[PDB]
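Included below are structure tokens for two forms of one protein chain, each presented in isolation as structure 1 and structure 2.
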Structure 1
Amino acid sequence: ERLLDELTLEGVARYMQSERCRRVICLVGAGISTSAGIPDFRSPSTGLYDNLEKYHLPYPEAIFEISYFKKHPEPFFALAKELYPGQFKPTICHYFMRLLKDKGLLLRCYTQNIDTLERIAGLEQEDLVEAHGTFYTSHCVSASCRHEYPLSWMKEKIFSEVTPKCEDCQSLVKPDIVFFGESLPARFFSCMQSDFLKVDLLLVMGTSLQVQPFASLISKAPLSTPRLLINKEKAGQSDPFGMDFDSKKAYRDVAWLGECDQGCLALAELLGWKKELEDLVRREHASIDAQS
């Protein structure tokens, strides 16, 4: 017995306003922040793995790998300065998840992003699994110290082009991100082992589902749980050498192919939330402009 009456956005919206849809998990990646000015990996030329020649790395991926960072942290901090945004304005997609929170539907947002825009949009620590960590806080790397430093401190170090050193022990201070090759936080595994017991909808947005173990999250929901992908490209399908949008067996997965902001706007409109979402985004962006 399948829960969606049809494998379309309109079917997902009718399901969301049925009594059965009480707990929504969002799984999000870099595609929800490109319209906020943070580049993803997939975009041609503007992806973060391009335009790295100046750094003289052994291979492009080394800039985000923990072994290399440990020996040579300077390239990463130079890239961070180049990418640091003038303003942190969450996107329409971020504010759609704020609405899910406000309306009591959001069980959890699992994010691969480190850019802090979920928190700025008003998602609380309880609402979030920052699976790959965050720039919001940083720590001295010495095991016997671990002094914490805020983003305002780390930003000044990044822009002054001074490698951040701990004021207590002079060790390196590292943003609280999970580099490739580092263990994910315990919170990721503990939330993953509880949240998917009775989730009613997975909303997957702005990710290619190529980084593990985050990508395995789509497989943790019950087999009946609908899964909606809002993304520029179809993602999460089994490799011919997972999501089933198109087979004769397809029964619960829906792909809306386009910009995350436009997809969330379309879904909001079907739900009767379009004015609420427009008003929220305009008010939040105006407030961010005013506080500057």
Structure 2
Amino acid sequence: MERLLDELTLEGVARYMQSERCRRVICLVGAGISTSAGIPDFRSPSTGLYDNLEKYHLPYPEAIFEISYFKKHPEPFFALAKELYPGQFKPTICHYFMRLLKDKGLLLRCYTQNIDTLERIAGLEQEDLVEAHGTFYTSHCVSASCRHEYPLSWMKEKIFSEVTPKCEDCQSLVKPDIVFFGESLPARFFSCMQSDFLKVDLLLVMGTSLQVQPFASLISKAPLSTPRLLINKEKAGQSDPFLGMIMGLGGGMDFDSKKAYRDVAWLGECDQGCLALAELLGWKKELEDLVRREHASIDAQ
């Protein structure tokens, strides 16, 4: 076992990142990286989306993003979907920190569970990204025998006119290519995962509860020696086993046991943790300038 972190702290991760041994970083992110932009997450008590769906009278909150429920009752999704489209929000410091990794030749990939497109808006390119839970950008008829594609405009025209979008070929429901419970993830997820996780030197895990598979499996795909830094409000991925746990057995993070050797939890807001890390790396001013600049460009156009 190569012990790559000289200590299990942000400072130790930063020293590692500056070494020659840290060539390729994979970011794994979720909704907590966009809450500072004004987008609520899913599972935060009271504020998260799943605590705010009472008006839809769902059997349980996740039903609104579940394919089998959606086929029986598509209306609640499509009413909610008016709010989901991007462009009223700017990327956060955390998004720009990932941009900085790209520009420093350190970003192997950002795997995102989010559909707000803020990674792209912050300037990560298509090849840098795996939008693991899909995209609002395109839509598809739900029938396996048809799968006719529809573009954003056709879906928007339907979403904002409150017309439940039906496919013109087979009259089956049509939906944005956001991944619902029960649906296949994009092929790109699996093909990038296969090669990426053979060669990652650091995993940065930000703003995710790690409560859904297969995304939560990604942390167990890195080599055993690859350090893993979590920047998040709460410890995630570290949990005693129990019946119904999400993670596979032994598949989680070990921050606190007597055997912990490579996992670090920095607890706080993602923006603050990225500033803190950037400071340690000597990038803080560069990062603040990038944010200031890019926020200004956005306000222009």
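Each residue is numbered by where it sits in the sequence of structure 1, with counting from 1. Take the two forms, superpose them, and find the largest set of C-alpha atoms that agree within 1.5 Å; that set is the rigid core.
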> Which one of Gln210, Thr137, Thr116, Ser219 is the only residue whose C-alpha moves by 2 Å or more between structure 1 and structure 2, after superposing on the core?
Replying inline: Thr137
>> Would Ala266 count as moving between structure 1 and structure 2, using a Cα shift of 2 angstroms or more after superposing the core as the test?
In response: no
>> Using a rigid core superposition, assess whether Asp176 undergoes a CA shift of 2 Å or more between structure 1 and structure 2.
In response: yes
> Superposing on the rigid core, is the CA of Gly104 displaced by 2 Å or more between structure 1 and structure 2?
Replying inline: no
> How much does the C-alpha of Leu27 move between structure 1 and structure 2, in Å, when the core is lined up?
Replying inline: 0.1
>> Rigid core superposed: how many angstrom does the CA of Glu167 shift between structure 1 and structure 2?
In response: 8.8
> By how many angstrom is the Cα of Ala62 displaced between structure 1 and structure 2 when the rigid core is overlaid?
Replying inline: 1.9
